[PDB]
J.: 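Below you'll find the structure I mean.
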There are 2 protein chains.
Amino acid sequence: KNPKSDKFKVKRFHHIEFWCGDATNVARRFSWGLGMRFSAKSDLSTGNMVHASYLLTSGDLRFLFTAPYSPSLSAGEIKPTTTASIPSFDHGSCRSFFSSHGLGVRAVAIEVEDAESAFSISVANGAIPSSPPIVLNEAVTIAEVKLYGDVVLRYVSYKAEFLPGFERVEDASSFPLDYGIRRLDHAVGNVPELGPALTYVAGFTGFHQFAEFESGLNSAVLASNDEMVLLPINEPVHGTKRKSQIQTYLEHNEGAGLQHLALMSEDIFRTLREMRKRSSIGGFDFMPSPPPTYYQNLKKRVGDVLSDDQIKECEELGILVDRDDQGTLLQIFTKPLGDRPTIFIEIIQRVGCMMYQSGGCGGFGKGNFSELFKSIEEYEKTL
Amino acid sequence: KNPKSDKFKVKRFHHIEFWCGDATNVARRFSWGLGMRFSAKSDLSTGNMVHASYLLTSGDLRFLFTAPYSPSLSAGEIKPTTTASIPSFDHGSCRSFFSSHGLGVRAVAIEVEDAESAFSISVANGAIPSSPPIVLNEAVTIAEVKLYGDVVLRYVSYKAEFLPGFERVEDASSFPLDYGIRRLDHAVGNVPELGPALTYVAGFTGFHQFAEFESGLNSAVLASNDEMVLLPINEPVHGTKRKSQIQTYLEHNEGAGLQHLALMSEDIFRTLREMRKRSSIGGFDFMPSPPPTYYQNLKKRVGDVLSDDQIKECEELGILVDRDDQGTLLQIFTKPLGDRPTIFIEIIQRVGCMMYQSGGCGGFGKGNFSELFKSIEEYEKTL
Ligand SMILES: Cc1c(C(=O)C2=C(O)CCCC2=O)ccc2c1c(=O)n(CC(=O)Oc1ccc3ccc4cccc5ccc1c3c45)c(=O)n2C
Ligand SMILES: Cc1c(C(=O)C2=C(O)CCCC2=O)ccc2c1c(=O)n(CC(=O)Oc1ccc3ccc4cccc5ccc1c3c45)c(=O)n2C
Ligand SMILES: [Co+2]
Ligand SMILES: [Co+2]
């Protein structure tokens with residue numbers, strides 16, 4: 001059931017902001033690896049003496065990469081006179097974030113009807129404020145509250161092109177790469193304690209529990225009214241045999257933070273062909289593929305949704321498949337995006353739940369823990 | 001004249017080490033942009049709990065990219081028990097370097113006959129010590145002295161594959177990229193005061209002045225006995241009309257540091273074709289090309305070294321050409337490698353001075369300041 005308890009009007013995921021040491025190199029690597037085009041910039045060339053910020057887009061997916069310049073360039077500025085295009089940015093906060101966590105997501109941004117109202121309502125309902133609502137060029141309002149760890153939930157609302165102060169990117173520097181990724185499907189946090197994290201976020205958003213769940217973790221998913229904003233949260237399970245990967249995350253990340261971004265593709269076969277061609281020439285690596293037994297077991301599980309040829313294409317690309325009582329999920333996971341075994345990416349595509357497609361169709365792949373373990377056991381048994 | 005005054009036996013440039021926020025993303029970007037293969041690693045997967053270091057190679061050119069992990073991973077270690085493969089590494093030094101300067105070169109490494117002797121002689125002759133000689137696996141010795149700013153000159157000597165503790169890279173992650181780059185030709189520093197910088201470095205190395213030189217800078221070049229290790233140093237010229245780019249460097253870098261790396265190609269035409277194909281898909285951008293008048297003027301200057309077709313190929317690729325009384329230089333410059341207008345790369349190839357080719361054949365392109373200015377003036381005149 002969906003109680004539709006959102007305490008303010010939420011639209012969709014708007015962007016994800018990475019805090020970086022060098023935004024240029026991370027943005028260029030991600031552009032080539034994921035097939036995202038350079039779409040906007042705010043940096044020295046646009047008069048920003050504070051931070052370098054580069055926007056990549058693929059369809060509706062927006063990835064922002066931000067790094068601080070020397071504070072000496074802006075030493076005479078005050079907030080009323082800032083040349084920063086993102087008024088919540090702070091040199092010390094950014095350097096401290098990156099020193100503590102390494103490369104990772106600082107902001108999960110959702111578009112709302114009124115960022116000032118969303119901020120006020122959130123804080124009235126327990127949200128810890130991070131940056132107050134600030135109106136940019138009387139046209140866009142931005143506000144930030146703490147989500148978990150040093151990750152913020154950023155509210156953005158538009159009166160009527162990314163943010164004022166950003167410039168569209170020179171067409172010769174904007175190569176029209178596109179591997180089929182179209183939007184952010186969900187964004188997942190790792191925390192030490194799931195219960196208090198859920199109570200806090202659901203407390204100030206009104207987001208309701210969408211789903212939930214003996215291998216490493218406990219998880220639950222918070223969702224907006226139309227279930228298009230999806231925020232799963234994990235905690236570690238202590239007392240196992242293999243060490244919890246959630247605990248490994250928390251250790252290497254120095255605490256809670258964003259674990260993975262799941263990116264919807266309109267053609268997951270094409271996306272994975274293109275990404276895998278580039279893994280060893282600057283792109284992203286993928287997790288080891290499941291054994292042949294996993295794909296033999298796919299016939300009995302999804303033989304009514306996917307043809308034998310489509311299942312063979314999943315096998316060639318290492319794609320995992322899970323299913324709901326309503327829809328089917330195709331998914332695959334990258335290796336970590338940077339030096340630390342912390343943040344990674346998931347590529348997904350969902351089949352079913354046609355009404356437009358309902359959010360979360362097919363679930364999040366929890367059934368693939370069991371199915372993977374079973375297939376590994378069968379493959380070693382084949383010996 | 002060459003006094004051959006080296007105070008210890010120097011062989012050749014060995015490697016350049018970048019200090020990074022995230023080594024993975026910088027290394028992957030550079031690999032694709034420059035056509036360098038992933039050759040060795042030292043990181044969590046090799047038991048290094050301290051730093052992540054990735055080695056790229058192209059021919060004899062070695063680029064090392066290093067970033068710190070959370071200090072919590074190695075908190076129980078002491079130097080006698082370190083898991084770091086580069087014993088001079090320090091978390092605080094690396095974070096402070098990167099916070100101050102952004103992405104850039106920490107170490108210019110030269111191979112010497114005996115790194116302990118080179119270190120002792122250097123310090124006896126005025127070098128400021130940075131890291132004492134440390135023997136790794138009774139097989140390689142490494143030592144470091146201050147060069148300028150926070151850049152060190154690193155001595156490496158081998159008893160008889162990069163460094164002990166590094167592992168050769170998995171062949172599936174080692175794509176054999178190669179755009180023709182073969183070695184480091186020279187490495188250039190920017191300092192506030194050229195005179196004291198020259199006196200200091202020549203003081204402790206015995207390197208002699210190779211060359212020297214009204215547009216922005218004063219420069220001089222220090223060279224080893226066989227003039228294969230070449231270290232130009234620049235200072236700003238104050239009082240001009242256009243602001244000194246050396247002064248802009250010092251401002252955005254927070255002081256002295258490495259300005260550019262000049263990479264010799266065995267086929268500069270192929271290297272630039274390959275690099276330019278990749279500029280807008282994750283690689284490196286190049287400076288704006290000279291006007292058509294520059295290439296018309298090339299005929300009268302190097303028409304005896306380069307055919308008309310070869311000059312047209314230089315024009316298609318934006319390559320600059322200068323000449324000595326002994327040799328000819330083909331060169332081109334990238335835009336800055338990262339967020340700040342600080343470090344950039346030069347691709348070069350030298351013609352002449354055949355004996356093997358003598359080091360520095362054709363000079364460093366100082367004649368192209370005048371020639372560029374003249375050609376820009378002629379092109380606007382063509383109007
Ligand atoms: C991340 C994820 C989801 C997911 O999206 C998700 C949510 O959206 C919300 C609900 C909670 C949740 O989970 C769903 C299914 C997944 C995965 C996933 O990440 N992965 C791969 C893996 O576990 O990665 C790793 C990582 C580190 C390892 C270290 C050591 C290992 C030693 C042996 C075997 C391993 C297998 C996988 C391993 C590792 C090991 C999977 O298989 N499924 C099937
Ligand atoms: C870097 C370099 C060398 C070189 O290797 C070298 C050494 O090895 C040792 C000896 C000293 C030395 O110098 C030789 C020749 C060069 C260059 C070189 O860097 N460049 C390009 C440029 O000046 O870059 C820039 C950078 C920033 C600018 C900001 C604003 C500008 C406004 C107008 C015009 C510009 C032109 C160039 C500009 C800029 C402007 C060149 O043309 N030659 C011809
Ligand atoms: Co997921
Ligand atoms: Co040069």
Side-chain angles (χ1 to χ4, degrees), chain A residues 21 98-103 248 251-254 336 338-342, chain B residues 14-27 38-57 62-99 101 103-111 115-116 119 129-146 150-158 162-169:
Chain A
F98 192 86
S99 294
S100 168
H101 310 296
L103 174 69
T248 296
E251 282 164 12
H252 288 257
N253 199 63
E254 297 190 7
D339 290 339
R340 309 188 183 192
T342 49
Chain B
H14 191 264
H15 65 266
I16 296 296
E17 181 177 13
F18 295 83
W19 269 1
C20 306
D22 187 84
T24 288
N25 275 270
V26 181
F38 269 98
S39 294
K41 64 180 182 178
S42 170
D43 66 4
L44 293 172
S45 79
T46 69
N48 185 339
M49 305 296 104
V50 177
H51 58 98
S53 292
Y54 301 109
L55 180 72
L56 305 183
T57 62
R62 300 177 187 92
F63 273 3
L64 184 66
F65 303 81
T66 296
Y69 291 128
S70 169
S72 62
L73 306 189
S74 57
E77 296 177 19
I78 55 166
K79 280 184 188 192
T81 68
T82 190
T83 58
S85 53
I86 300 170
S88 61
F89 183 84
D90 178 78
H91 293 274
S93 297
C94 186
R95 296 205 152 82
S96 173
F97 179 103
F98 192 86
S99 294
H101 310 296
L103 174 69
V105 172
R106 165 60 170 187
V108 173
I110 56 171
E111 186 182 353
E116 163 164 40
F119 176 91
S130 196
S131 179
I134 292 137
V135 191
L136 310 168
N137 203 29
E138 321 175 58
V140 187
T141 303
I142 178 170
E144 300 176 10
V145 298
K146 298 195 182 187
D150 295 315
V151 185
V152 301
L153 186 62
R154 173 179 288 152
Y155 305 133
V156 53
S157 60
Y158 292 82
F162 178 61
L163 289 182
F166 279 73
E167 297 186 3
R168 273 186 189 180
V169 160

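No hydrogens, no waters, no symmetry mates; every other heavy atom, side chains included, goes into these values. Lettering of chains follows the sequences in order, A, B, ..., and the numbering in each one begins at 1.
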J.: Mind checking what makes side-chain contact (heavy atoms from CB on, under 4.5 Å) contact with B/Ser96, not counting sequence neighbours?
T.: none
J.: Do B/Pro87 and B/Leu136 touch side chain to side chain, with heavy atoms closer than 4.5 Å?
T.: yes
J.: Under the rule for side-chain contact (heavy atoms from CB on, under 4.5 Å), what residues qualify as partners of A/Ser99, not counting sequence neighbours?
T.: B/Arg95
J.: Does a donor on one side chain and an acceptor on the other come within less than 3.5 Å for B/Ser88 and B/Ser131?
T.: no
J.: For the atom pair CZ (B/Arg168) and CZ (B/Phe162), what is the distance rounded to the nearest 0.5 Å?
T.: 14.0 Å
J.: Is the closest side-chain heavy-atom distance between B/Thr82 and B/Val50 below 4.5 Å?
T.: yes
J.: Measuring only between side-chain heavy atoms, which start at C-beta, is B/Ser42 closer than 4.5 Å to B/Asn48?
T.: yes
J.: Taking side chain as C-beta onward, heavy atoms only, is B/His51 less than 4.5 Å from B/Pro68?
T.: no
J.: Please name all residues satisfying ring pair (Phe, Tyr, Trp, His ring centres under 6.0 Å) with B/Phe18, sequence neighbours left out, ordered by chain then number.
T.: B/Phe30, B/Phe63, B/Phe65
J.: In chain order, what residues pass the side chain to side chain donor-acceptor pair (under 3.5 Å) check against B/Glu116, with sequence neighbours excluded?
T.: none
J.: With distance as the sole test, does B/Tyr69 use its side chain to make a donor-acceptor pair with the main-chain N or O of B/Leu44 at under 3.5 Å?
T.: yes
J.: Could you tell me which residues satisfy side chain to side chain donor-acceptor pair (under 3.5 Å) with B/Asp22, sequence neighbours excluded, listed by chain and number?
T.: B/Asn25
J.: Could you walk me through whether B/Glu111 and B/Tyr158 satisfy the side chain to side chain contact (heavy atoms under 4.5 Å, CB included) test, starting with their C-alpha distance in whole Å, then the side-chain angles of each, then the deciding distance to 0.1 Å, before giving a yes or no?
T.: CA-CA 8 Å; B/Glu111 186 182 353; B/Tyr158 292 82; 3.8 Å; yes
J.: Verify whether one side chain among B/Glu77 and B/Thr83 offers a donor that lies under 3.5 Å from an acceptor in the other.
T.: yes
J.: Is any side-chain heavy atom of B/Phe119 less than 4.5 Å from a side-chain heavy atom of B/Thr141?
T.: no
J.: Give, for atom CG of B/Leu64 and atom OG of B/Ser53, the distance between the pair rounded to the nearest 0.5 Å.
T.: 5.0 Å
J.: Among residues at least two apart in sequence or on other chains, which ones pass side chain to side chain donor-acceptor pair (under 3.5 Å) with B/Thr24?
T.: A/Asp339
J.: State the CG-SG distance between B/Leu103 and B/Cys20, to the nearest 0.5 angstrom.
T.: 5.0 Å
J.: Please test B/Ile110 against B/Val156 for side chain to side chain contact (heavy atoms under 4.5 Å, CB included), starting from the C-alpha separation and ending with a verdict.
T.: CA-CA 6 Å; B/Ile110 56 171; B/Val156 53; over 6 Å; no
J.: Return the CD1 to OG distance between B/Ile142 and B/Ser85, rounded to the nearest 0.5 Å.
T.: 9.0 Å
J.: Which residues pass the salt bridge (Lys or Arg N to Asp or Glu O under 4.0 Å) test with A/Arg340, not counting sequence neighbours?
T.: none
J.: Any side-chain to backbone donor/acceptor pair from B/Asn137 onto B/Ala139? Under 3.5 Å, distance only.
T.: no
J.: For side-chain hydrogen bond (donor to acceptor under 3.5 Å, both in side chains), just list the numbers for B/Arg154 and B/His15, CA-CA rounded to whole Å, side-chain angles, deciding distance to a tenth of an Å, and then say yes or no.
T.: CA-CA 9 Å; B/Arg154 173 179 288 152; B/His15 65 266; 2.9 Å; yes
J.: Residues in ring pair (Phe, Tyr, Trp, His ring centres under 6.0 Å) with A/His252, at least two apart?
T.: none
J.: What's the shortest heavy-atom distance between A/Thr248 and A/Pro341, and which atoms?
T.: CG2-CG, 4.5 Å
J.: Please name the pair of heavy atoms, one in B/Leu56 and one in B/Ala27, separated by the smallest distance, quoted to 0.1 Å.
T.: CD1-O, 3.4 Å
J.: Distance-only, no hydrogens or angles: does the B/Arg62 side chain make a donor-acceptor pair with backbone N or O of B/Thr57 under 3.5 Å?
T.: no
J.: Should B/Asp150 and B/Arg106 be marked as a side chain to side chain contact (heavy atoms under 4.5 Å, CB included) after you check the CA-CA gap, both sets of side-chain angles, and the distance that decides it?
T.: CA-CA 7 Å; B/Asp150 295 315; B/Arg106 165 60 170 187; 4.2 Å; yes
J.: Evaluate the side chain to side chain contact (heavy atoms under 4.5 Å, CB included) criterion for residues B/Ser70 and A/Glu251: first the C-alpha distance (whole Å), next the side-chain angles of each, then the deciding distance (0.1 Å), finally the verdict.
T.: CA-CA 9 Å; B/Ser70 169; A/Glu251 282 164 12; over 6 Å; no
J.: Determine whether B/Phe166 and B/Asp43 make a side-chain contact, defined as any pair of heavy atoms from C-beta on separated by less than 4.5 Å.
T.: no
J.: Considering residues at least two apart in sequence or located in another chain, which fulfil the salt bridge (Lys or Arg N to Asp or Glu O under 4.0 Å) criterion with A/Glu254?
T.: none
J.: Quick one: does B/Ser130's side chain get under 4.5 Å of B/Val152's, heavy atoms only?
T.: yes
J.: Give, for atom CZ of B/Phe98 and atom OG of B/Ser93, the distance between the pair rounded to the nearest 0.5 Å.
T.: 15.0 Å
J.: Side chain to side chain donor-acceptor pair (under 3.5 Å) with B/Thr46: which residues, sequence neighbours excluded?
T.: none
J.: With B/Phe97, which residues qualify under ring pair (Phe, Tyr, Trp, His ring centres under 6.0 Å), at least two apart?
T.: B/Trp19, B/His101
J.: Please report the closest heavy-atom contact between B/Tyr54 and B/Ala23, naming both atoms and the distance.
T.: CD1-CB, 3.9 Å
